[PDB]
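Undergrad: Residue numbers (the deposited numbering), protein chains in the order written: chain C, 24 to 45, 47 to 57, 66 to 76, 78 to 87, 89 to 157, 160 to 166, 168 to 192, 194 to 224, 226 to 252, 254 to 278, 285 to 311; chain A, 24 to 45, 47 to 57, 66 to 76, 78 to 87, 89 to 157, 160 to 166, 168 to 192, 194 to 224, 226 to 252, 254 to 278, 285 to 309; chain D, 24 to 45, 47 to 57, 66 to 76, 78 to 87, 89 to 157, 160 to 166, 168 to 192, 194 to 224, 226 to 252, 254 to 278, 285 to 311; chain B, 25 to 45, 47 to 57, 66 to 76, 78 to 87, 89 to 157, 160 to 166, 168 to 192, 194 to 224, 226 to 252, 254 to 278, 285 to 311.
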Ligand SMILES: [Mg+2]
Ligand SMILES: [Mg+2]
Ligand SMILES: [Zn+2]
Ligand SMILES: [Zn+2]
Ligand SMILES: [Zn+2]
Ligand SMILES: [Zn+2]
Ligand SMILES: [Zn+2]
Ligand SMILES: [Zn+2]
Ligand SMILES: [Zn+2]
Ligand SMILES: [Zn+2]
Ligand SMILES: [Zn+2]
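(1) When you compare the stretch 226-241 of chain A with the stretch 173-189 of chain C, are there three or more beta-carbon pairs, one atom per stretch, that lie closer than 8 Å?
(2) Any idea if residue 127 (chain A) is buried or exposed, counting beta-carbon neighbours within 10 angstroms, 16 or more meaning buried?
(3) Can you list the residues near ligand 11, meaning Cβ strictly closer than 7 Å to any non-hydrogen atom, in the order they appear in the chain?
(4) Can you tell me the Cα-Cα spacing of residue 166 (chain D) and residue 84 (chain B), whole angstroms?
(5) Which residues, taken in chain order from the stretch 110-143 of chain B, show a beta carbon closer than 9 Å to some beta carbon of chain C?
(6) According to DSSP, which residues form a beta bridge with residue 153 (chain C)?
(7) Under the rule that 16 or more other beta-carbon atoms within 10 Å means buried, what is residue 231 (chain D), buried or exposed?
(8) Less than 7 Å between the CB of residue 155 (chain B) and some heavy atom of ligand 10, yes or no?
(9) Rank D:87, D:209, D:55 and D:138 by C-alpha distance to the C-alpha of residue 102 (chain D) and give the top, closest one.
(10) Under a CB-based cut-off of 8 Å, is residue 3 (chain D) close to chain A?
(11) Look at the alpha carbon of residue 45 (chain A) and the alpha carbon of residue 120 (chain A), and state the distance between them as a whole number of angstroms.
(12) In whole angstroms, give me the CA-to-CA distance for residue 73 (chain D) and residue 154 (chain B).
(13) Quick one: what does DSSP say residue 38 (chain A) is sitting in, helix, strand or coil?
(14) What is the rounded straight-line gap between the Cα of residue 331 (chain D) and the Cα of residue 224 (chain C)?
(15) Should residue 30 (chain B) be flagged as near chain A, meaning a C-beta pair shorter than 8 Å?
(16) Assign residue 202 (chain A) to one of three DSSP states: helix, strand, or coil.
(17) Quick one: does residue 98 (chain D) have its CB under 8 Å from some CB of chain A?
(18) Taking the DSSP output, what are the residues bridged to residue 109 (chain A)?
(19) Which residues mark the beginning and the end of the beta strand (DSSP E) in which residue 48 (chain A) is found?
(20) For residue 106 (chain C) versus residue 96 (chain C), is the C-beta spacing smaller than 8 Å?
(21) Return the bridge partner residues of residue 191 (chain B) from the DSSP annotation.
(22) Tell me, please, whether the stretch 294-306 of chain D touches the stretch 287-301 of chain C by the rule of three or more beta-carbon pairs shorter than 8 Å.
(23) Measure the C-alpha to C-alpha separation of residue 278 (chain A) and residue 205 (chain A) and round it to an integer number of angstroms.
(24) Report the neighbours of residue 173 (chain C) on chain A: residues whose CB is nearer than 8 Å to its CB, in chain order.
(25) For residue 152 (chain A), collect the residues of the same chain with a Cβ closer than 8 Å to its Cβ; drop the 5 residues on either side in sequence, then sort them by chain order.
(26) Cα separation between residue 118 (chain D) and residue 148 (chain D)?
(27) Kindly indicate which three-state DSSP category residue 303 (chain B) falls into: helix, strand or coil?
(28) Could you tell me the distance, in whole angstroms, from the CA atom of residue 80 (chain D) to the CA atom of residue 109 (chain A)?
(29) Ignore the nearest five residues each way along the sequence and tell me which others in residue 68 (chain A)'s own chain have a CB closer than 6 Å to its CB.
(30) Where does residue 302 (chain C) land, buried or exposed, given buried means 16+ other C-beta within 10 angstroms?
(31) Is residue 116 (chain A) near ligand 3, with its Cβ less than 7 Å from a heavy atom?
(32) CA-CA distance, residue 33 (chain A) and residue 29 (chain B)?
(33) Take the Cβ of residue 202 (chain C) as the centre, count every other Cβ of all protein chains shown within 10 Å, and call the residue buried at 16 or more, exposed below.
(34) Do residue 143 (chain A) and residue 111 (chain A) come within 8 Å of each other at the CB atom, strictly closer than that value?
(35) Cβ of residue 94 (chain C) within 7 Å of any heavy atom in ligand 3?
(36) Could you name the residues of chain A that residue 169 (chain D) contacts, counting a contact when the two beta carbons are closer than 9 Å?
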């Protein structure tokens, strides 16, 4: 009886299906894959990347940036929703290949630095190349790049360091408040009496409320399907996109269902 | 004109006056200096150290451990109230010289790893040797060593990673609920509109309430004066020590006055 | 066509075949798998582990330690030949589950801390959970545990941080000088004009000489086949083992052939 | 009673700000009168080799501004060795600029612990820790614009001590600049040092390495070691040592120290 072979983080093909840049607002573009969000915000003072998707997505991201007129040197900042392999995957490589520095909260920083290992729920099941944060941010802290202001909103649950980022762009000669809210799922998590996360339920409850109150004209999520985006649909990608309020409400209802099932017995 | 010389974190003499171990309960001892707390909890499964004081206290702590019958190998765990120089100072050296591993929350861990540099309020004024945390703890998480159970209570404010640790020891044939609550001070802090700590006020207010509600037969604090301990007085050191409620009340009062003067 | 799926570090079944502790000398035991070395060296003051094999080997190592009378508290030190996945794999987990601290040279420490990512030759193909070194060692430095003294001998090549560890144990009332020499292979490596490792050839050449000159009654290697050990043969496991000289000479030959092939190509 | 914490107090000249002093077409001394901090500026970004003391961060930034180098323009930080008097402001510079650090493994580990647990100084000279972004190997090259930097390991003063070499121009001719690290062993236990068993061997190799460097112009982290006088402006390098003279002087001093140690 040999030990099991290691398994890589294999995923649905659509998570790895490359797409051309899709314009969300005047300065904001979806540059990831059909089923994983990676947002490029272009400012007069360099570019900002929010999430990168999977580890093998680095070169694709760089190719899309080039199409947008962004050189590796132009990329100044990487922000993250949470430090799982399907969102922070290519961060280490992007840091080696670009001028980009990472800003994240302490919880996301520590998970990123250990490459997603010793996950509270997944253990070492979903690892990726580790990276160091260049700046630690606090809840409500702002970062300004080229007159565009990004605000962090902590929403602990999916991971302890789960974060929503908000900024104001423009579209059709009008300000548009963009909310990139993190995942609110608890996929296979032990919810009550979890020794690794004693206040998990309380944190999720606060996070549902936080997501509801976000400045949110346009909502996007790390997994686009969670906010009902269809990136493959092009110009009508966000035709049926959920609001922050509807997103949180659906998430809490799922959560409540899971909590009920767990209580038996 | 030459740039100013660097300035060291210079402290009151009493913070640097060694003392012999002072018994708090059957397994819990104050082993730091007269004016800085360092708590040794001795179990049949090894020893736990809560805070180490200043960087220069490492050898003294080891002297006191040996006096208590705890070898460098016997020290298993280091816990921290917060990662300032006056409490986490000797952690790196203790890690090199003992079997000890550090458990801390993410905020304390990142501050520890940068040796207290780029402090939200103090800049680089209070640096110390950096150290890596061996285990990251979440709010309410328990750590059991030799049948003694330590519980973490996050109380953000003084630092983002400020933590209270509680455990039950025995004294006089009865259980004693010990609370090692962190500093609730905001010394010279900008409280409102602080870009480095936007929700400082909310965190402090939650922390006052957390401390007030702690399981707390005996309160100890990293700076013993904050809870009215006098370690140099020996047997009557904690005779007039504050309750957790009194400690939080005084802290909130001081905070409220500071906030009023700022607005 | 989507981006390629991630590929796991899959290995020969024999690398993952657990074995019971095999005694090498009075205080030195092989406790890994049939085809990956993990050495337990015991003293009255605690135990040392030299290498752990693959990431999935953690629980097996702990079980074998238990069988040898080494509790998690008794494991004091982890040393490494080199920080590849097939030798440092379970180090992070062992640190979490035991009192063990890691001592390694700066090169090995930096590779361990990035979990084998950005490997000079393998890129991100062989990643594992990252870990921090607790102590940095210099060439020729000794570490004493109980009455046993371990000496580091730097032998850069296979990795920049490649190290041989030597100590003296006993067998049949007599001292036995054990040499745990690191790998001297260059599997698929670009040898000449490698921008990531300009002095690769020079380092290997000095390393062949270093291995040749080690205090060496008993040679052991991270991959037992390299020193002609057969861990499945029990009492006769080391009956056909190579000397340090023979091991270095064969490795230099192989290397010379590889260099000639590269030069021709 | 226990002693107070120590601050790294230094000679006034080490903290004496100076305006940028041109060494060659791309290369400027931008530190203080008695601590080297070299700025190399290209159309594809600037490189800083050493920063001096921790309190020098704002001064370096002011001098960069004077040279037309914005915080965003600063791409790379290289180090001679990771002591407080050279890597001091690195953490702050990383926070305030786009700069990333390239260093060898030895320098990276020392930098990450802010100079603490020094092989010889213990915790006597500490500074704010920083992480390296790129690990370099011996002989590795880094290209920024038209400038090519080559690393030459010269272990001794610290395990990670490195010389950096590049070719600039001066009056229509190539000038091979060698920024050689310290070859001093101040108060060091040389023989039988358990923390550095092969110290003597490494130093002797390092003297030879420095002697052989491509070296039209030598600069050193402590400029006095190579007989530079930065305060003298246009005359600063008029009596600068060759790489050979620098290495020879260092070896003679080292030999003297070893003799004294063996005798005592
Ligand atoms: Mg026992
Ligand atoms: Mg002068
Ligand atoms: Zn996730
Ligand atoms: Zn995900
Ligand atoms: Zn404090
Ligand atoms: Zn304090
Ligand atoms: Zn290998
Ligand atoms: Zn291997
Ligand atoms: Zn040029
Ligand atoms: Zn120095
Ligand atoms: Zn110096």
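Just so you know, even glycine gets a beta-carbon here, dropped at the ideal spot from N, CA and C.
TA: Working from what's here:
(1) yes
(2) buried
(3) B:118, B:120, B:121, B:221, B:262 and B:263
(4) 30 Å
(5) 110, 129, 130, 133 and 135
(6) Under DSSP, residue 153 (chain C) forms a beta bridge with C:157.
(7) exposed
(8) no
(9) D:55
(10) Residue 3 (chain D) cannot be examined here, being either before or after the span of chain D that is shown, 24 to 311.
(11) 20 Å
(12) In this model, residue 73 (chain D) and residue 154 (chain B) are separated by some 28 Å (Cα to Cα).
(13) helix
(14) Chain D is shown from 24 up to 311; residue 331 (chain D) falls before or after that span and cannot be answered.
(15) yes
(16) strand
(17) no
(18) A:80
(19) Where residue 48 (chain A) is concerned, the enclosing beta strand (DSSP E) starts and stops at 45-49.
(20) yes
(21) B:201
(22) no
(23) Going from the Cα of residue 278 (chain A) to the Cα of residue 205 (chain A) covers about 18 Å.
(24) Those are 144, listed as they occur along chain A.
(25) Once the five neighbours on either side are set aside, the close Cβ partners of residue 152 (chain A) are 160.
(26) 11 Å
(27) helix
(28) 17 Å
(29) 38 and 86
(30) Residue burial is scored here from C-beta neighbours: residue 302 (chain C) has fewer than 16 other C-beta atoms within 10 angstroms and is therefore classed as exposed.
(31) no
(32) 6 Å
(33) buried
(34) no
(35) no
(36) 169 and 171
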